[PDB]
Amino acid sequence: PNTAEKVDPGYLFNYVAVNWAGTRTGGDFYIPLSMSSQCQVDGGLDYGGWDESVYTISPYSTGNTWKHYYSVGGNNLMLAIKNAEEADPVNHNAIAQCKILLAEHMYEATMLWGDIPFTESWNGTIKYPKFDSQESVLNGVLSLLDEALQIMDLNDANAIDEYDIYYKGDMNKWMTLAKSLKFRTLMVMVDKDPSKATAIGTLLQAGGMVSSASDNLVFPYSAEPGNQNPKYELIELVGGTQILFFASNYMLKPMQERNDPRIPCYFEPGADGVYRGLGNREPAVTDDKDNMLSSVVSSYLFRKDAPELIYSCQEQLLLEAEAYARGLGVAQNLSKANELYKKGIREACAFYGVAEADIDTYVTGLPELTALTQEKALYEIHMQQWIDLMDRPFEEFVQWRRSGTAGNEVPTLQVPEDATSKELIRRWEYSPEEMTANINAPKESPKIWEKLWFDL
């Protein structure tokens, strides 16, 4: 923490950004979350055959991911903040930028592990930091974001700019993002802490939150060697043919019932031109000539320059729609909900490259939320959220758990047949290094089916 000397905040910020994206798109994160959440499937043991399909998350995967949030990301964001505080002139915007990423790092960590270190982390005086409750951590996330919004200065050109790969130092975009991450985090907490409804309402009244694609928080991979999306390498190592990630029936069937024009963007068809999916661990279907008849996840999503989307306007717009449908700090309003639902679906389809005319057709044909019961309207919003997040398995897993209380999650999932667990997965076990080295860690890790605080 204080062992390092003078380090440029921008260098550190970008190092964190690159490794964070590398982590989110890596095999020790993307695969566990996609296969365990069942938003994708592995095509059985002959193909993907991922242990994570039956809830076996490797201790290397938890350790590598944990190492990123605490050593690679957290430690260096804190260091960047310290250098920005100590600079002359004080770089207020750099502090805001770094605090927003730090907030998002701790948010992601607690949504996997629940109770985790935070308040005592990155402290030279504390050898072995205590574990904070998820409730503490999530309120800590909100505080960081509010601290960022307070210290930020839109009339100061000084910021992390050349080393800000997200927004190039445009503090209006960081402001817009910080508010949106607040809103998202509040939506995560509001089932367990209903008193958050008020703060949600206040943000909805204020506006100025992520609303179009230019506002997206996205890490841009490129074709340049050295900045290629790790997902490409994953497929190159098995010959360049995408035979590891398959269309899950939990994803494809709802899309087919709604005639969703994203199907060709999310999946490749079978050899006959037909899109067809698979259950968890169901063997991929081939003909006698060994042609693939099952749908695989689109190879386009595993290309070298595939972007890594961290927070999107679709995501925001469908959450706003949900808030109005549920009347969270605002009067229940299915008219406004419908407007935002339609808008979110348009931005979703646009992001994945659906043609304008096909978007129009899809959105036109979808029932107005106005014409449904509040219960059915909310179900359709939740389903659209589930559809939106197939290629964003971390957000998907949060979304699925958040979507319902007392077994009413959308969509309804079955426990994988060959899993030890009798119940659906709800969290990750703690990393081996933290369990060994930290004397203030739990002696025992909670089981993977034990709900986290936010999850009812």
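One-based numbering along the sequence shown.
If you average the Cα B factors in the entry, which is higher, 413 to 421 or 63 to 71?
The deposited B-factors put 413 to 421 ahead on the C-alpha mean.
Could you check the entry and say whether 148 to 156 or 133 to 141 has the higher mean CA B-factor?
On average, C-alpha B-factors are higher across 148 to 156.
Out of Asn123, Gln97, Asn229, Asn76, which residue has the highest Cα temperature factor in the PDB record?
Across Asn123, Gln97, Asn229, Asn76, the entry lists the biggest C-alpha B-factor for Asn123.
For the listed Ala247, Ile310, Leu328, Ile81, which has the peak Cα B-factor recorded in the PDB entry?
The C-alpha B-factor peaks, among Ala247, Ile310, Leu328, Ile81, at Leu328.
Of the three thirds of its chain by CA temperature factor, lowest, middle or highest, which one includes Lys336?
Highest third - that is where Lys336 ends up once the chain's C-alpha B-factors are sorted.
Going by the CA temperature factor in the PDB record, which third of the chain does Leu33 belong to: lowest, middle or highest?
Within its chain, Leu33 is a lowest-third residue by C-alpha B-factor, going by the deposited values.
Would you check the entry's CA temperature factor for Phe394 and let me know if it's in the chain's lowest, middle or highest third?
CA B-factor rank for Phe394: lowest third.
Name the third of the chain's ranked CA B-factors that contains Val285, choosing lowest, middle or highest.
Top third by C-alpha B-factor.
How does the C-alpha B factor of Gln40 compare with the rest of the chain: lowest, middle or highest third?
For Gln40, the deposited C-alpha B-factor lands in the lowest third.
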